[PDB]
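The data below hold one chain only, encoded as structure tokens and taken in the form deposited in one PDB entry.
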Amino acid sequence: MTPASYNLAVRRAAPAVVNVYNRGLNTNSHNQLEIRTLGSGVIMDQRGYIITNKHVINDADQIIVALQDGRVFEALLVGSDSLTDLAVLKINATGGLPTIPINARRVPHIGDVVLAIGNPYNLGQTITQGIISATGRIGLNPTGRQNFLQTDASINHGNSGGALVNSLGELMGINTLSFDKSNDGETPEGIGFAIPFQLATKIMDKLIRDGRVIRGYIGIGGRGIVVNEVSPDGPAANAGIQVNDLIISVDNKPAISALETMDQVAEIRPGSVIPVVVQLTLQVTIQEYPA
């Protein structure tokens, strides 16, 4: 017979994950480019756009990307975002580049076998398999390290930026980090997180068209949609809205949930204005999220 195996996935996607190297100049007294850090990255399209974790390329005087085919490139940082730890690099490749399979039509499911491609502890490219333990949201609104994708695939230090792909090689997400906890008593085995591919995608496109992800701020909270503690003063305060009420429509559509609502405000460019219901339609001008 044939042994059970996920090599097909490896063949189809592995060639697209890269080693990202963060090189600083002031790392030594002789001020030469030294490898301050390193992680992994996923070549997104043939134009040369590579996704990766921000915490990898932060304060990097240089960024080198290297392919499994041996080609080495200097990368231009086109933008990052703290609220997701995603960063978008760009190599200028002539000759063709391998690209991570993407299937925008595929919906990830709790339980789907998934492999994590990356370069942890800088041992070279390694693959590890697990399943999707929790899916998380593809919204643009930051919530925490719980609305990501969760996997029991082994995510070590060096998998950051790597690819989490299903058995068909399809990119399910960008590995971000492990769960190491905050303290001890023990270690959290098999609890890793990845940013959903669908979101990495949204973020990348923005990081390209703007050099930074522009989120629409409405400063309000809650649990229609409860408005519990709406004392940020930013946009809430400035133009209708109270420190305790219930909204009906974020802009001109239902305000069923709090999460699904914020996820809309953020997708609204600054300066714009929209009619906020509770039936006293009070308009408000959207600002830009805080630093």
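Note that residue numbering begins at 1 and tracks the sequence as displayed. Only the largest set of C-alpha atoms that superpose within 1.5 Å between the two forms is called the rigid core.
Another form, the form solved in complex with a partner chain, is not on view; read the next lines as being about it.
- Contact with the partner chain in the deposited bound form, defined as any heavy atom within 4.5 Å, is confined among 56 to 64, 26 to 34, 259 to 267, 43 to 51 to 259 to 267.
- Contact annotation: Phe73 falls outside 4.5 Å of the partner chain in the deposited bound form, judged by heavy atom distances.
- Mapping the unseen interface onto this chain, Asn244 falls outside it, with no heavy atom inside 4.5 Å of the partner chain in the deposited bound form.
- Within 4.5 Å of any heavy atom of the partner chain in the deposited bound form lies no heavy atom of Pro196.
- Proximity of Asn252 to the partner chain in the deposited bound form: non-hydrogen atoms within 4.5 Å are absent; the residue sits far from the partner.
- When the partner chain is considered in the deposited bound form, only one residue from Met204, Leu97, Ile100, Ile218 comes within 4.5 Å through any heavy atom, namely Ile218.
- Taking the core as reference between this form and the one not shown, the lone member of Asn156, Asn141, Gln125, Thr128 whose Cα moves by 2 Å or more is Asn141.
- Here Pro235 counts as shifted, since its C-alpha moves by at least 2 Å between this form and the one not shown after the core is aligned.
- Relative to the superposed core, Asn244 undergoes a Cα shift of 2 Å or more between this form and the one not shown.
- Superposition of the core reveals a Cα shift of less than 2 Å for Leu86 between this form and the one not shown.
- The gap between the Cα atoms of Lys206 and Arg137 is larger in the deposited bound form, by no less than 3 Å, than in this form.
- Relative to the shown form, the CA atoms of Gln146 and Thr84 are brought 3 Å or more closer together in the deposited bound form.
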